[PDB]
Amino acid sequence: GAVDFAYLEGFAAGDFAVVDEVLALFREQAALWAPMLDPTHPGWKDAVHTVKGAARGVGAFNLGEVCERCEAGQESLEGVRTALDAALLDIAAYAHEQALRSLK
């Protein structure tokens, strides 16, 4: 589990409309900033900072840590990218599960 969905559900006070909103916002931020996670893109540092906060906002605590370590020179941008992949994997799957639940 990359994402602590209990954290996000608490942020939402258990309301799935708010969970759905926040997940969609995170995916939007990821789409904006992830292309900058490349040492040859001058956005990279701002991207790591922004991802770090978005991550901690939604319960992707491991991603947040990886970003903090990258800022400390202890992790690569590749490590941030693969942590971001795991958080997106989780988030997309949670959204899918909600849809499946509504169906069955």
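Numbers follow the displayed sequence, beginning with 1.
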Check: Mean C-alpha B-factor higher for 42 to 50, or for 67 to 75?
Finding: 67 to 75
Next item on the list: Averaging only over Cα atoms, indicate whether 95 to 103 or 3 to 11 has the higher B-factor in the PDB entry.
Entry: 95 to 103
Checklist line | Modelled-residue ranking by C-alpha temperature factor, third containing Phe26 | finding: lowest
Item checked: Ranked C-alpha temperature factor of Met36 among modelled chain residues, by third -> middle
